[PDB]
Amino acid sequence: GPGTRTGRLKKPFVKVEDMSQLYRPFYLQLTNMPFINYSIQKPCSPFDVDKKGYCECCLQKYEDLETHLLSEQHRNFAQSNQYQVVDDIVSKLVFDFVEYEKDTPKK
């Protein structure tokens, strides 16, 4: 069992393993294996039984998107030259919308 890390999986289970045996298997154990339910009314699935993330610029997990975006590290990346690859594509598109002058308050 758990102490020796040796034993057998409680059933039901699914086990997947790469045939090279280079990698850890991965397992699924659930109380009930899937059952096709034809009685549940369409469009429900026949299997129906019923701001956190990673910043790719900073290479950092965050728990609140808005908070991360205001951080000093993220602001420095946002204002850097790292977006030249985007601007290079944009410069080949054609702008065909009407652009208005800014409205200034009067009196």
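A residue's number is simply how far along the shown sequence it sits, counting from 1. Here, rigid core means the biggest group of C-alpha atoms that superpose within 1.5 Å across both forms.
After a core fit, the C-alpha atoms in 6 other deposited structures of this protein lie farther on average from the shown form in one of 77-85 and 55-63, namely 55-63.
Averaged over structures and residues, the CA distance from the shown form in 6 other deposited structures of this protein after a core fit is larger for 13-21, of the two stretches 89-97 and 13-21. Looking at the other PDB entries for this protein, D50 is absent from the model in a third or more of those that include the residues around it. According to the record, 10 or more deposited residues between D50 and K51 are left without atomic coordinates. If you average the C-alpha B-factors over 56-64 and over 72-80, the higher value belongs to 56-64. For the pair 87-95 and 20-28, the mean Cα B-factor is higher in 87-95.
For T6, the recorded CA B-factor ranks within the middle third of the chain. Only modelled residues enter the ranking.
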